[PDB]
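Here the structure comes first, spelled out in structure tokens, and everything after it is commentary.
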Amino acid sequence: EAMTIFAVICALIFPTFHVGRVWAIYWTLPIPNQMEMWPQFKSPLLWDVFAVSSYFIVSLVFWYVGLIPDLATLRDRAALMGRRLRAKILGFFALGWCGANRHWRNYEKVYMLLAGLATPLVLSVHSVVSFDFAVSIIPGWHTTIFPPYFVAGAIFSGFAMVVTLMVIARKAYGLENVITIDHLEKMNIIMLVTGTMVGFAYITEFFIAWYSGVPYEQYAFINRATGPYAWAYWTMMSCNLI
Amino acid sequence: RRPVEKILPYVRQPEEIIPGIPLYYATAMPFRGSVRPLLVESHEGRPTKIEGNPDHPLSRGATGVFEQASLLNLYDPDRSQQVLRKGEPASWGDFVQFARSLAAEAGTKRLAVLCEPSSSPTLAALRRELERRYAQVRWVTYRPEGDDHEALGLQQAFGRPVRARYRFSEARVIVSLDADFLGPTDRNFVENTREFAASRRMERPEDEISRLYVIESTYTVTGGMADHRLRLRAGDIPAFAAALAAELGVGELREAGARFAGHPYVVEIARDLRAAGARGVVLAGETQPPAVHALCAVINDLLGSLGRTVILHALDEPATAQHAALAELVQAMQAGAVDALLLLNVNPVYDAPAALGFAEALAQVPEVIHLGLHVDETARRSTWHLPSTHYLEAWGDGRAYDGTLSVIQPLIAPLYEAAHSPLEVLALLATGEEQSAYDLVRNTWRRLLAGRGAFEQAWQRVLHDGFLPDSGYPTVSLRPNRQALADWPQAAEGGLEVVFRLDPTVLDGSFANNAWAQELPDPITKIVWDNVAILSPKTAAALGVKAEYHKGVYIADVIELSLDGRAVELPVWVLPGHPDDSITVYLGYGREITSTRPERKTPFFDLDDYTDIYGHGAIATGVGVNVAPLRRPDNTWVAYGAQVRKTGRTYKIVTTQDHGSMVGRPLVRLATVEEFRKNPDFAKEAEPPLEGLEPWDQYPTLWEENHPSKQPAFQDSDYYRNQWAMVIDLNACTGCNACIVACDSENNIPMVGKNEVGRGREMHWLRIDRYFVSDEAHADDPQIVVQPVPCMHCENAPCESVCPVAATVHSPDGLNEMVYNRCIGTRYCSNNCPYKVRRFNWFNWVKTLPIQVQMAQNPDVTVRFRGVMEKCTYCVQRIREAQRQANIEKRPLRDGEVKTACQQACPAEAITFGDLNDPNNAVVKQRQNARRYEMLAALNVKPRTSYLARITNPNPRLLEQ
Amino acid sequence: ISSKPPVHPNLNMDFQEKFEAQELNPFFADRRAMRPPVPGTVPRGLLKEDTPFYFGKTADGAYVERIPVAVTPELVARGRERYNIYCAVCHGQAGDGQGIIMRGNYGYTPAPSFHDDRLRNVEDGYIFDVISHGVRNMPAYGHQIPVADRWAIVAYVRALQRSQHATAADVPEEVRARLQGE
Amino acid sequence: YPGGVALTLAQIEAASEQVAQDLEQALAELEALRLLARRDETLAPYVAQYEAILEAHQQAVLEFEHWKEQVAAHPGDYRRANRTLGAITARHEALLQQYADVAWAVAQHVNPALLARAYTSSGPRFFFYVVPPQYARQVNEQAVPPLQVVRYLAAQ
Amino acid sequence: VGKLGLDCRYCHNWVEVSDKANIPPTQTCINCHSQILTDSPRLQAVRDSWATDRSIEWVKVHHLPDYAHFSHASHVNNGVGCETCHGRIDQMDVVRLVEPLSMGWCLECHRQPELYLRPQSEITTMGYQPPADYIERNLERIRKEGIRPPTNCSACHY
Ligand code: HEC
Ligand code: HEC
Ligand code: HEC
Ligand code: HEC
Ligand code: HEC
Ligand code: HEC
Ligand code: SF4
Ligand code: SF4
Ligand code: SF4
Ligand code: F3S
């Protein structure tokens with residue numbers, strides 16, 4: 001969730017900044033502002049804001065809650081063996097932790113809750129960020145398979161970076177005994193799942209051009225293979241499929 | 001925090017005008033030896049936009065491209081701030097004492113002028129009041145691009161000087177013969193346009209239509225909106241017209257046109273024209289020797305059409321032979337005979353081929369005096385350079401082309417101290433103090449008013465009405481009996497044709513520091529900011545050059561054409577229309593300009609070079625290469641002997657279109673009168689409605705019960721009364737390209753630089769995209785189509801849905817209005833729209849805008865800041881002042897109380913714009929017409945501007961194929 | 001209260017780079033946006049079509065005896081209203097009872113009562129010209145007021161003249177309350 | 001938001017009754033136009049040019065009930081009466097104005113002059129130094145008929 | 001105003017017919033302050049300005065931005081008063097701009113107009129208490145006059 005939350009930070013900067021008028025973006029928020037104005041909720045560029053301004057939060061609060069026993073462990077160590085006596089006072093993020101029965105059961109059902117309550121959000125966050133494309137009238141976007149697809153792209157992208165971090169978090173500063181290589185083995189399946197689910201959509205794209213496309217959508221994908229970006233798509237699909 | 005920006009009202013209130021509201025003064029507009037009419041807005045005595053003169057029947061309220069940029073020539077920076085002597089900006093008050101003492105006690109004094117061509121009586125009469133004193137005034141009218149050549153061919157044909165008018169509504173079939181009658185370069189662009197368009201305007205399942213037959217040597221805009229066009233090198237069009245008339249019956253004429261006995265497009269049209277006597281026309285362009293225009297007189301008289309080629313006797317002005325005077329001028333320069341040299345509005349150092357020297361004489365003679373608007377190459381070389389007024393401060397008089405006798409209203413005081421308009425300067429030479437042009441001009445009229453009412457009821461009436469009504473020359477009859485038939489053997493060949501031709505957006509370079517015009521796509525090719533050479537792929541593939549693009553920017557090779565040891569190079573671009581061994585190098589675009597303002601550097605952290613288009617200098621510098629001096633002044637449009645050298649420095653060349661030739665797509669859907677006679681429901685047949693479902697417009701969505709038009713909050717205002725829409729009679733739409741420029745001035749914009757538009761952004765809202773359609777590339781017959789494309793302000797409107805920051809809405813009356821405030825710049829307003837018309841204020845072009853052009857942006861609309869979209873808005877600004885004026889006093893909006901810029905400027909009455917749901921207006925007649933062409937209707941968008949298709953009209957067989 | 005120009009954060013588009021009428025223009029000698037027109041210029045729609053209706057210098061005689069327009073009382077409604085805003089200030093609502101300025105002990109030239117018979121028989125085109133061009137001691141007002149108001153004002157006057165020559169005289173005036181202000 | 005919705009519900013009724021009384025008048029004129037200009041004009045599009053409005057006017061009557069009943073059903077939302085009333089008067093004055101624009105052409109052919117009692121006929125905005133529109137709205141209101149336009153042509 | 005009894009159309013002319021009605025020229029003061037006072041060390045700018053060309057350096061207030069246009073005549077002719085919007089000026093030595101003239105308040109009238117609009121009989125009357133039964137006396141005009149205020153983006157923002 002580190003590898004998520006910081007990605008979301010360097011992500012959210014773009015919607016704040018590929019706009020030309022950054023300073024006038026608080027209008028996008030639904031504050032009762034200095035006039036009787038409010039945003040337009042038919043706009044996936046707005047869904048993105050609430051989504052990411054919820055997804056930065058839920059993923060954080062689910063990570064922060066995820067790491068309570070750490071702060072308990074580190075708060076417990078800061079007194080007897082650690083940096084300073086004043087790391088304990090920094091570790092008040094423990095929030096009066098003792099590992100008790102009364103609230104550890106609650107921690108489980110909450111971790112269950114956010115699992116079954118952040119996944120329905122994850123499938124809406126990236127889907128929103130796909131809805132912005134496919135809601136349009138463009139032929140290369142209006143194809144409806146995209147929200148599952150880009151999600152699989154998020155799988156096939158995200159794990160494709162986690163492994164880059166784990167390899168370099170395994171050579172020098174590594175955990176041979178805890179980051180078992182068998183983990184990365186069973187990790188790349190759910191990558192390779194989307195190594196083919198991503199591939200099936202390219203077929204559908206490349207298919208519907210031949211099946212019942214608009215005479216533009218017929219051309220829209222001939223462009224992708226044959227045209228300026230032949231350097232991209234021939235190699236890209238082949239890269240993501242080979 | 002904000003400033004306290006004050007307000008400085010009148011002191012000595014002029015009674016008529018009022019602060020907030022403009023009022024329309026009625027000026028003229030000189031160029032090219034004639035004077036189009038015009039009508040300004042004049043916001044509080046400051047001109048902001050020009051318009052047409054609806055009373056003047058020659059124009060009937062229209063303005064081509066070439067005027068609206070002149071409005072910005074008025075407000076240029078780097079015009080003529082100081083008076084320059086020797087090149088030094090020294091002073092004025094000494095010049096009057098100087099030039100006055102030169103003038104009164106002068107005697108013979110042997111002066112010369114080299115004027116802009118007069119077309120005005122105050123100029124031509126003051127010439128006599130001038131020539132009365134000083135003995136010999138050589139008085140050469142240096143026509144831009146030499147003699148007009150329509151007129152010199154006819155002084156012998158009719159035995160005396162004459163000009164034609166060319167109605168074209170009383171006349172159907174038109175062999176052009178290179179004639180750009182529909183060309184903004186040429187004169188009388190309206191009366192050529194309109195009554196030609198009316199012939200093209202059907203409003204019926206079938207009507208009798210022009211069916212021209214153009215035979216151009218260089219692909220030009222008239223050849224586009226056309227039928228059966230042909231490519232054939234100039235310098236041989238005489239040989240074309242030679243075998244032409246022999247197949248009609250005037251004379252033998254066989255030897256000149258040796259090889260066109262039985263050509264299809266010749267023998268085809270010949271039977272038709274003799275079969276259309278009171279309807280056929282024979283024009284003639286400008287790329288010829290004058291015997292062609294004799295043939296334009298011989299056959300057109302012999303054809304029987306005289307009321308269709310309305311002909312009008314000039315005021316005895318046949319003497320415009322460029323050889324006869326301009327050489328004969330410098331033949332006196334080299335002898336020390338002529339002393340003074342009084343240029344008015346011209347750059348002959350820029351122009352004026354070296355084959356007949358000018359600069360070699362200019363440096364010989366002192367007492368040089370250049371009256372001038374810019375400071376280009378003539379001020380820099382002269383000893384005195386007056387500054388010049390534009391025509392907006394002249395009190396000038398002027399003739400419309402061949403007809404009425406108009407007069408300027410001067411609107412603004414001289415913006416610059418001591419401008420000293422040419423007319424009173426020409427009278428300052430007349431041995432008195434600077435004549436008040438207001439009182440000078442008036443003194444001519446009493447000798448020539450031709451109106452029984454005195455001045456303060458007539459002067460006030462003409463200065464009001466814009467045109468002296470009864471004038472317009474008397475109409476001559478047939479003079480020719482086959483006189484002019486003896487300059488044929490100038491059909492010379494044996495070399496690459498190097499023909500010149502003036503783009504619609506510039507005229508002999510005299511309007512180059514003009515962004516609205518300079519960043520104006522040519523209609524042939526959406527080219528901007530560079531002169532070019534256009535030619536065939538067969539010569540290119542036989543020469544070795546290309547218009548290759550691996551970045552969508554058209555990298556270009558070069559030519560390095562060489563004439564008589566006076567070679568220069570330039571970008572070569574290619575077009576599938578032009579013929580073998582010929583290139584149309586456009587002029588202007590090579591006009592060095594000398595700046596008074598700084599280059600305005602800012603830190604490297606800040607962008608100025610990409611934005612400050614007026615920064616690095618003034619505009620006309622280095623935009624291309626100068627080309628005028630190369631030609632030979634004999635038949636001074638054409639040229640031979642270009643020893644081409646494909647050399648390096650292969651640099652960019654930028655366009656808006658960037659491409660062409662739709663792949664058989666539904667975006668123009670041309671159709672024949674044969675096919676149109678068969679299926680009037682063919683604008684829909686390309687993408688018809690569905691199996692058993694409704695017609696396409698007014699097609700229901702998923703929602704119909706909660707649709708906002710059925711809800712009040714969209715329906716409840718003072719607006720729903722009059723839904724607005726804007727059709728386009730595309731049958732008369734050809735790349736005049738003035739549909740743009742009035743949008744640019746009415747609803748303000750900035751310009752864009754080459755360095756910027758190369759990446760593909762242009763802040764022209766109304767794309768005027770052209771397209772090619774060949775028979776699956778059969779013979780590479782282009783058969784172009786032009787069609788404007790504003791933001792068809794949709795109903796379903798994907799863009800409206802998608803601005804999260806509600807900066808878009810289907811405003812009442814089909815209007816889909818943008819707000820340049822609420823937006824933020826996420827640009828997905830644009831990405832939805834099939835028509836990428838939601839432009840975007842990428843950089844802050846207006847912040848770097850100088851203290852000069854700022855007069856021009858009209859004081860009624862929201863100029864826009866970085867990070868903001870923008871689009872057509874149907875010129876909403878003049879909906880508001882009208883609908884507001886109807887909210888004050890209870891009324892509807894008339895059929896013509898409001899006219900948009902695309903409407904009021906397009907001289908072909910293509911756009912009509914009258915409110916939908918008002919059945920008496922023109923739009924409901926033009927929408928209820930059979931071909932309500934609904935562009936990309938198939939996306940269930942339901943838009944307004946349900947415009948029309950073209951109906952190209954081919955010929956029955958007649959040995960056409 | 002906040003005596004300085006208040007904080008507006010986004011000054012991007014308040015003071016547009018272009019300038020509307022009656023706005024500062026930092027170029028010209030007289031810092032001003034209007035740049036008044038040159039004499040002799042004429043609009044397209046404001047010619048002296050019918051000189052009677054725009055001027056009184058209308059025939060060989062330079063003045064006119066009667067109003068040219070057919071005068072409904074709705075014209076005179078504006079006459080009454082337009083009088084009591086820019087003409088009753090000095091001549092007064094009653095014409096003779098001098099308005100607040102002249103009854104204000106001030107250094108101003110006293111004007112003649114309209115009820116004087118010398119004014120009760122005058123070319124109405126002259127009294128029009130009194131507005132469009134002014135008089136020896138009095139300014140003009142047709143420099144600014146509409147021209148139909150220059151007529152409506154007169155019908156009210158000529159009617160107000162017809163108040164006298166009848167015993168509908170001595171209208172009550174509210175001037176004293178205006179001298180006090182409270 | 002002064003006192004709720006029930007206040008405006010009287011005037012919205014006062015608009016719909018004007019429409020109902022105009023069902024008579026418009027359909028009455030639609031008889032009279034067929035009587036007046038039997039054959040004195042093209043009349044083939046130009047009569048249906050007057051009918052095309054009529055199917056819309058009648059359609060709005062059933063709506064003006066639906067518009068209104070959605071208001072009187074719940075009087076607890078002020079932001080529907082001002083809008084339904086702003087819609088009615090516009091959907092009303094439009095159809096009044098559209099009847100007129102089709103009806104002035106009737107006189108335009110029967111009379112060679114579309115009369116000087118046609119509209120306010122004020123002028124452009126720069127024709128305010130001479131003629132404020134205030135004068136004009138007291139000409140237009142007190143001279144021009146809304147739907148006594150063709151009954152006026154019974155006098156001709 | 002408060003003790004000279006001038007209504008507002010005198011020197012703020014072109015508020016009945018124009019948009020963005022004008023501050024007066026200098027000429028208006030020269031109607032009377034050419035020969036009424038001729039003494040003060042307070043308006044020597046004025047006398048010199050008529051005797052010169054530098055107009056009077058007037059600051060302004062109420063300057064809503066120039067991307068949101070406005071028209072008094074569109075309001076005034078339809079019955080809106082200056083008490084509502086520009087404040088009670090009759091006792092105001094210098095302008096307080098007691099109203100904000102921002103959108104959120106600009107729009108309360110275009111949603112709730114009949115609380116404000118005047119009968120147009122003597123609209124420029126700072127000492128105006130409206131009658132009782134004001135509202136119902138007003139809505140009968142919106143039913144008749146058919147004003148239909150704007151709620152949209154098209155009106156002022158363009
Ligand atoms: C009579 C009822 C009125 C008088 C007299 C004036 N107003 Fe208005 N007003 C309003 C605004 C928002 C402005 C600013 C204009 C702009 O920034 O474009 C104005 C302007 C004026 C001015 C001149 C100041 C200027 O040039 O900006 C004057 C003398 C003036 N107003 C007088 C707002 C309103 C408003 C609310 C709708 C009303 C009813 C009026 N103004 C009406 C009057
Ligand atoms: C407002 C519309 C009006 C009208 C209808 C008139 N005035 Fe005046 N006026 C003023 C003064 C001091 C004079 C006398 C000039 C002198 O002594 O030389 C006048 C003159 C007149 C006349 C007489 C013209 C004639 O026929 O001889 C008339 C008919 C007339 N006025 C009408 C003073 C003022 C004001 C003081 C500031 C103002 C305001 C007006 N006048 C305005 C009007
Ligand atoms: C001339 C004799 C005036 C009279 C009578 C009234 N006004 Fe005034 N007004 C006048 C001036 C010269 C100014 C400029 C302000 C300054 O800096 O002195 C004003 C100001 C206003 C304003 C504010 C405009 C601004 O500066 O932004 C308003 C709203 C205004 N005036 C309205 C107004 C009304 C309603 C009047 C009668 C009731 C009135 N003014 C009298 C000139 C004169
Ligand atoms: C005739 C109708 C007047 C016009 C038009 C204007 N003003 Fe005036 N002003 C007038 C009077 C009779 C008085 C004096 C009343 C008093 O209480 O003494 C004034 C006063 C002023 C002042 C005050 C002078 C001082 O105390 O130093 C000023 C600054 C002033 N007036 C300014 C002014 C301006 C700027 C005007 C045009 C915009 C203007 N006045 C019109 C009478 C009349
Ligand atoms: C009452 C208190 C109002 C305030 C405050 C504002 N407006 Fe207004 N406006 C009002 C009415 C009653 C009307 C309708 C008159 C009619 O007969 O239609 C209007 C109308 C407008 C319009 C009309 C559209 C046009 O003619 O261009 C515009 C543009 C408008 N109003 C603008 C506007 C602005 C910008 C305001 C505050 C900043 C504003 N109005 C306030 C009544 C009232
Ligand atoms: C008058 C007729 C208006 C209408 C209707 C709407 N707006 Fe408005 N808006 C108006 C003004 C005079 C102002 C200025 C307020 C100020 O801050 O000084 C505004 C403000 C805005 C803004 C904020 C601009 C800023 O600089 O802070 C926005 C983004 C805006 N208005 C948008 C907007 C939209 C989307 C509307 C309908 C679609 C709308 N406004 C109505 C005037 C008027
Ligand atoms: S519609 Fe546009 S391109 Fe066509 S002729 Fe008119 S201005 Fe030119
Ligand atoms: S075509 Fe584009 S700009 Fe025009 S209404 Fe539709 S989406 Fe908006
Ligand atoms: S309406 Fe105006 S902005 Fe729109 S295309 Fe036409 S001229 Fe240009
Ligand atoms: S999507 Fe919307 S917020 Fe603006 S940049 Fe485009 S109109």
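Naming works like this for the structure tokens: A, B, ... for the chains as they're shown, residue 1 at the start of each chain, ligands 1 onward in shown order.
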Checklist line | Long-range neighbours of region 85-95 of chain D as a list in words, 7 Å cut-off, only C-alpha atoms, 4 positions minimum in chain | finding: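 In the requested format, the answer is residues 712, 715, 716, 717, 718, 720 and 721 of chain B; 12, 57, 81 and 99 of chain D; 143, 146 and 148 of chain E.
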Next item on the list: Identify, on the basis of only C-alpha atoms, every residue whose closest approach to region 27-42 of chain E does not exceed 6 Å; exclude the query and any residue fewer than 2 positions from it along the same chain; express the result as a VMD selection string.
Entry: (chain B and resid 11) or (chain C and resid 107 to 108 139) or (chain E and resid 25)
Notebook entry, point to check: What residues have any atom no more than 7 Å from ligand 2 when counting only C-alpha atoms and all ligand atoms, and can you list them as a ChimeraX atom specification?
Noted result: /C:83,86-91,109-112,114,119,122,126-127,130-131,135-138,153-154,157 /E:31-32
Check: Counting only C-alpha atoms, what is within 12 Å of residue 57 (chain E), bar same-chain residues fewer than 6 positions away, as number ranges by chain?
Finding: B: 4-11; C: 22-24, 30-32; E: 23-26, 43, 45-46, 49
Margin query: So, with only C-alpha atoms as the atoms that count, which of A:217, A:1, A:36, A:205 lies closest to chain E?
Written below: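 Distance minimum relative to chain E lands on A:36.
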Note to self: Can you pull out every residue with an atom within 7 Å of ligand 1? Use only C-alpha atoms and all ligand atoms and format it as number ranges by chain.
What the structure shows: E: 8-9, 12, 15, 20-23, 60-66, 69-70, 72, 75-76, 80-82, 84-86, 101, 106, 123-124
Checklist line | Environment of ligand 7 within 6 Å, counting only C-alpha atoms and all ligand atoms, reported as a count of residues only | finding: 10
Check: Near chain D, which residues of chain B fall within 10 Å when you count only C-alpha atoms, and what do they look like as a PyMOL selection string?
Finding: chain B and resi 15-18+20-24+710-722+881-882+885-892+894+897+917-921
Please, could you write that set of residues out with C-alpha atoms as a PDB file, in the first residue's frame?
```
ATOM      1  CA  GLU B  15     -23.368  64.444 -28.965  1.00  0.00           C
ATOM      2  CA  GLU B  16     -24.109  61.628 -31.411  1.00  0.00           C
ATOM      3  CA  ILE B  17     -21.927  58.782 -30.156  1.00  0.00           C
ATOM      4  CA  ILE B  18     -22.415  57.279 -26.702  1.00  0.00           C
ATOM      5  CA  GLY B  20     -21.308  51.775 -24.168  1.00  0.00           C
ATOM      6  CA  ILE B  21     -22.838  51.277 -27.605  1.00  0.00           C
ATOM      7  CA  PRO B  22     -21.044  51.393 -30.988  1.00  0.00           C
ATOM      8  CA  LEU B  23     -22.417  53.019 -34.091  1.00  0.00           C
ATOM      9  CA  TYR B  24     -21.799  52.042 -37.655  1.00  0.00           C
ATOM     10  CA  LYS B 710     -39.372  18.767 -21.035  1.00  0.00           C
ATOM     11  CA  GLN B 711     -38.181  20.161 -17.682  1.00  0.00           C
ATOM     12  CA  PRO B 712     -38.652  23.840 -16.889  1.00  0.00           C
ATOM     13  CA  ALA B 713     -35.241  25.064 -15.857  1.00  0.00           C
ATOM     14  CA  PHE B 714     -33.891  24.850 -19.406  1.00  0.00           C
ATOM     15  CA  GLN B 715     -37.223  26.038 -20.808  1.00  0.00           C
ATOM     16  CA  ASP B 716     -37.745  29.049 -18.505  1.00  0.00           C
ATOM     17  CA  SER B 717     -36.082  32.203 -19.770  1.00  0.00           C
ATOM     18  CA  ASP B 718     -36.503  34.999 -22.303  1.00  0.00           C
ATOM     19  CA  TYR B 719     -34.798  32.830 -24.931  1.00  0.00           C
ATOM     20  CA  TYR B 720     -36.667  29.576 -25.732  1.00  0.00           C
ATOM     21  CA  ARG B 721     -38.854  31.678 -28.054  1.00  0.00           C
ATOM     22  CA  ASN B 722     -36.150  31.573 -30.753  1.00  0.00           C
ATOM     23  CA  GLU B 881     -27.120  42.746 -27.688  1.00  0.00           C
ATOM     24  CA  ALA B 882     -30.096  41.959 -29.926  1.00  0.00           C
ATOM     25  CA  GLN B 885     -32.579  45.014 -27.085  1.00  0.00           C
ATOM     26  CA  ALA B 886     -35.752  42.951 -27.457  1.00  0.00           C
ATOM     27  CA  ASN B 887     -36.007  42.436 -23.708  1.00  0.00           C
ATOM     28  CA  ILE B 888     -36.101  46.195 -23.209  1.00  0.00           C
ATOM     29  CA  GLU B 889     -38.938  46.650 -25.695  1.00  0.00           C
ATOM     30  CA  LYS B 890     -41.314  43.777 -26.348  1.00  0.00           C
ATOM     31  CA  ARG B 891     -40.614  42.276 -29.753  1.00  0.00           C
ATOM     32  CA  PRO B 892     -39.357  39.265 -31.671  1.00  0.00           C
ATOM     33  CA  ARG B 894     -36.347  39.947 -37.116  1.00  0.00           C
ATOM     34  CA  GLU B 897     -31.812  41.965 -36.952  1.00  0.00           C
ATOM     35  CA  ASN B 917     -38.860  27.945 -35.028  1.00  0.00           C
ATOM     36  CA  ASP B 918     -39.593  31.172 -36.887  1.00  0.00           C
ATOM     37  CA  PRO B 919     -40.857  29.749 -40.161  1.00  0.00           C
ATOM     38  CA  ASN B 920     -40.634  32.906 -42.280  1.00  0.00           C
ATOM     39  CA  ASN B 921     -36.845  33.109 -41.966  1.00  0.00           C
TER      40      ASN B 921
END
```
Next item on the list: Go through the chains and note each residue within 8 Å of ligand 6, using only C-alpha atoms and all ligand atoms, then give the set as a VMD selection string.
Entry: (chain A and resid 27 34 to 35 37) or (chain B and resid 805 to 809 819 821 to 823) or (chain C and resid 8 to 14) or (chain E and resid 64 to 65 67 to 70 101 to 104 106 to 107 110 150 to 157)
Checklist line | DSSP strand (DSSP E) selection over region 600-788 of chain B, as a ChimeraX atom specification | finding: /B:770-771,785-786
Check every protein, DNA and RNA residue against ligand 10, keep those with an atom at most 6 Å away (counting only C-alpha atoms and all ligand atoms), and present them as a tab-separated table (two decimals) with C-alpha atoms, in the first residue's frame.
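Result file part_7.tsv:
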```tsv
chain	number	residue	atom	x	y	z
B	802	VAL	CA	-18.32	16.19	-19.38
B	803	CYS	CA	-17.04	19.41	-18.03
B	804	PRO	CA	-17.06	18.55	-14.34
B	805	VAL	CA	-16.70	22.21	-13.60
B	807	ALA	CA	-18.39	25.48	-17.80
B	808	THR	CA	-20.69	24.17	-20.45
B	823	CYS	CA	-13.24	26.17	-17.18
B	824	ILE	CA	-10.05	24.83	-15.71
B	825	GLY	CA	-8.24	23.28	-18.67
B	826	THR	CA	-8.59	19.54	-18.32
B	827	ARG	CA	-9.36	19.62	-22.10
B	828	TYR	CA	-11.67	16.64	-22.05
B	829	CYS	CA	-14.26	19.11	-23.22
B	868	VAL	CA	-9.39	27.77	-20.97
B	869	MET	CA	-11.34	26.26	-23.85
```
Next item on the list: Could you list the residues in chain E lying within 12 Å of chain D, using only C-alpha atoms, and format the result as a PyMOL selection string?
Entry: chain E and resi 13-19+73-74+76-78+108-116+120+133-151
Selection file, C-alpha atoms, as a CSV table (one decimal), in the first residue's frame:
```
chain,number,residue,atom,x,y,z
E,13,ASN,CA,-27.5,59.3,-18.3
E,14,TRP,CA,-27.7,56.2,-20.5
E,15,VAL,CA,-28.9,54.0,-17.7
E,16,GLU,CA,-32.4,53.6,-19.2
E,17,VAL,CA,-31.1,52.6,-22.6
E,18,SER,CA,-27.5,51.4,-22.4
E,19,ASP,CA,-25.5,48.7,-20.7
E,73,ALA,CA,-31.4,49.0,-19.0
E,74,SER,CA,-32.2,45.3,-19.1
E,76,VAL,CA,-34.2,49.3,-15.0
E,77,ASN,CA,-36.7,49.2,-17.8
E,78,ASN,CA,-38.1,46.0,-16.2
E,108,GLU,CA,-30.8,35.6,-5.6
E,109,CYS,CA,-33.0,38.0,-7.5
E,110,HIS,CA,-33.0,35.9,-10.7
E,111,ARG,CA,-34.3,33.0,-8.6
E,112,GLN,CA,-36.4,35.1,-6.1
E,113,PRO,CA,-37.1,38.3,-8.1
E,114,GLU,CA,-40.5,39.4,-6.8
E,115,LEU,CA,-39.1,40.3,-3.4
E,116,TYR,CA,-37.2,43.2,-5.0
E,120,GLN,CA,-41.3,51.5,-12.5
E,133,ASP,CA,-49.5,43.2,-0.5
E,134,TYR,CA,-46.3,43.9,-2.4
E,135,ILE,CA,-45.6,40.4,-3.8
E,136,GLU,CA,-49.0,39.6,-5.2
E,137,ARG,CA,-49.1,43.1,-6.7
E,138,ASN,CA,-45.8,42.2,-8.4
E,139,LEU,CA,-46.4,38.6,-9.7
E,140,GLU,CA,-49.3,40.0,-11.7
E,141,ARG,CA,-46.7,41.9,-13.7
E,142,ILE,CA,-44.4,38.9,-14.2
E,143,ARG,CA,-47.5,37.1,-15.5
E,144,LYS,CA,-48.2,40.1,-17.8
E,145,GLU,CA,-44.9,41.8,-18.5
E,146,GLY,CA,-43.4,38.3,-18.9
E,147,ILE,CA,-39.9,39.1,-17.6
E,148,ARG,CA,-38.5,35.6,-17.1
E,149,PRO,CA,-35.2,36.3,-15.5
E,150,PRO,CA,-32.1,34.3,-16.5
E,151,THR,CA,-30.6,31.4,-14.6
```
Next item on the list: Produce as a ChimeraX atom specification the set of residues near ligand 9, where near means within 7 Å with only C-alpha atoms and all ligand atoms considered.
Entry: /B:739-740,742-744,746-747,765-766,790,871-876,900-902
